[PDB]
Amino acid sequence: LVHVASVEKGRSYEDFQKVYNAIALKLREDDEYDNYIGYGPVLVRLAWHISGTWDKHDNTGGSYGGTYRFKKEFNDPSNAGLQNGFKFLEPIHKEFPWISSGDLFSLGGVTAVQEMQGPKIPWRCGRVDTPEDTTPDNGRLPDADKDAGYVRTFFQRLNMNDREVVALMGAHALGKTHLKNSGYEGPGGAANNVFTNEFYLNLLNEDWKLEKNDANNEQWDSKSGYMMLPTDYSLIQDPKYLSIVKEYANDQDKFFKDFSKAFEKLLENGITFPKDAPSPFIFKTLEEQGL
Ligand code: HEM
């Protein structure tokens with residue numbers, strides 16, 4: 001099963017920087033969402049969920065086909081809450097109807113990371129919408145109540161190794177769990193709409209207690225009001241993951257560079273780029289443009 005990137009007809013870097021900027025300006029404007037967290041975190045989770053359905057064995061799933069727009073995937077229990085991200089991006093799609101759905105959802109996550117002061121994430125265009133019957137079945141996104149061996153095995157299906165898994169999980173410094181969406185409640189730190197390495201610092205430095213929440217699920221909670229999923233906490237229970245947690249807690253730049261590479265890879269899994277494809281784009285932030 002081969003998915004070849006096909007650039008939206010006649011488009012180039014400037015076109016996609018315009019779409020970036022529209023997303024970024026709306027991120028700035030719609031600041032009230034989720035008790036003033038803003039839409040940045042949910043856009044990052046949307047880009048990950050539309051990509052995290054990929055299966056390396058048969059190239060099903062993945063960001064290419066934009067299939068989150070179809071009911072079966074939109075209504076996956078694992079995707080509860082991401083409707084808010086889709087609705088955010090709808091007026092953007094209306095203004096730029098030429099962009100593919102996969103390109104929009106993945107660009108929304110790149111834009112959110114960068115606007116939240118995260119690393120630059122190179123991004124490539126050319127995902128092509130595919131029909132409803134190419135939508136992957138529910139059940140391909142991971143469970144949160146599991147341990148390190150589950151996490152490790154899960155991510156082999158996405159061709160991610162230990163370092164890439166630990167780097168990607170640093171996105172859990174962003175946003176929060178919502179009890180009605182996932183049966184978990186609370187944020188993982190204090191700066192949860194700024195992209196930093198706080199997730200690793202908090203795993204190492206907080207005093208975590210294993211508690212039950214109001215949905216009767218266990219999670220790790222700290223007296224500062226932070227929380228970790230069981231799969232988050234597994235990163236300090238496993239000695240291989242713990243080493244990498246310590247590395248990223250002690251080196252902000254290294255985390256940013258490893259995250260950028262793993263996140264681009266996540267967003268590009270499944271896609272074949274022609275040798276003649278444009279090189280990846282690195283968008284300027286609004287701040288860098290004086291906008
Ligand atoms: C073992 C792997 C993972 C599990 C089990 C997991 C699970 C969760 C759960 C249960 C939530 C809460 C959803 C809610 O209640 O609204 C969450 C939120 C989130 N996840 Fe993950 N996740 C994983 C990996 C990742 C990855 C790889 C990324 C991106 C790189 C990511 C980004 C996020 C973001 C940014 C949020 C906050 C969303 C919000 O505030 O609306 N997750 N995740």
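Throughout, numbering of the chain's residues begins at 1 and tracks the sequence. Atoms within a ligand are numbered from 1 in the order they appear, just like the ligands themselves. The basis for the numbers below is simple: all heavy atoms, side chains too, and nothing from hydrogens, waters or symmetry mates.
- With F105 as the aromatic partner, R69 does not meet the cation-pi criteria of under 6.0 angstrom to the ring centre and within 45 degrees of the ring axis.
- In this structure, of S182, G186, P187, the residue bringing a heavy atom nearest to atom 10 (C) of ligand 1 is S182.
- Taking distance alone, with nitrogen or oxygen atoms compared against 3.5 Å, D34 stays at or beyond that limit from ligand 1.
- Each of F263, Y68, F155 was checked for a ring pair (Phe, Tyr, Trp, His ring centres under 6.0 Å) with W48, and the lone residue meeting it is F155.
- For the ring pair (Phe, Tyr, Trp, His ring centres under 6.0 Å) test with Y233, the passing option among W220, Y226, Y241 is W220; the others fail.
- Taking distance alone, with nitrogen or oxygen atoms compared against 3.5 Å, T231 stays at or beyond that limit from ligand 1.
- Close contacts of ligand 1 with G175, meaning ligand atoms under 4.0 Å from a residue heavy atom, involve 40 (O).
- Residues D221 and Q219 have side chains that bring a donor and an acceptor to within less than 3.5 angstrom of each other.
- Ligand 1 has no nitrogen or oxygen under 3.5 angstrom from a nitrogen or oxygen of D143.
- In this structure, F195 and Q117 have side chains that are not in contact, with every pair of non-hydrogen atoms separated by 4.5 Å or more.
- Defined by atom type and a distance below 3.5 Å, a donor-acceptor pair is missing between the side-chain atoms of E73 and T53.
- Note on ligand 1: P142 sits in its first shell, one or more heavy atoms being nearer than 4.0 Å.
- Heavy-atom contacts of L168 reach the following atoms of ligand 1: 27 (C), 30 (C) (cutoff under 4.0 Å).
- Applying the salt bridge (charged side-chain N to carboxylate O under 4.0 Å, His left out) rule to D147 yields no partners; only residues at least two apart in sequence or on another chain are considered.
- On a distance-only criterion, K176 and ligand 1 share at least one N/O pair closer than 3.5 Å.
- For ligand 1, none of its N or O atoms has an N or O atom of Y184 under 3.5 Å away.
- Taking OG1 from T231 and OH from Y150, the interatomic distance works out to 8.5 Å, rounded to the nearest 0.5 Å.
- Ranked by closest heavy atom to atom 37 (C) of ligand 1, the top entry among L174, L235, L267 is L174.
- Short contacts between ligand 1 and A144, defined as distances under 4.0 Å to a heavy atom of the residue, involve ligand atoms 5 (C).
- When each atom of ligand 1 is checked for a heavy atom of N181 under 4.0 Å away, the hits are 14 (C), 15 (O), 16 (O).
- When the options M160, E164, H172, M169 are ranked by their closest heavy atom to atom 17 (C) of ligand 1, first place goes to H172.
- Residues satisfying the salt bridge (charged side-chain N to carboxylate O under 4.0 Å, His left out) test with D145, not counting sequence neighbours, are none.
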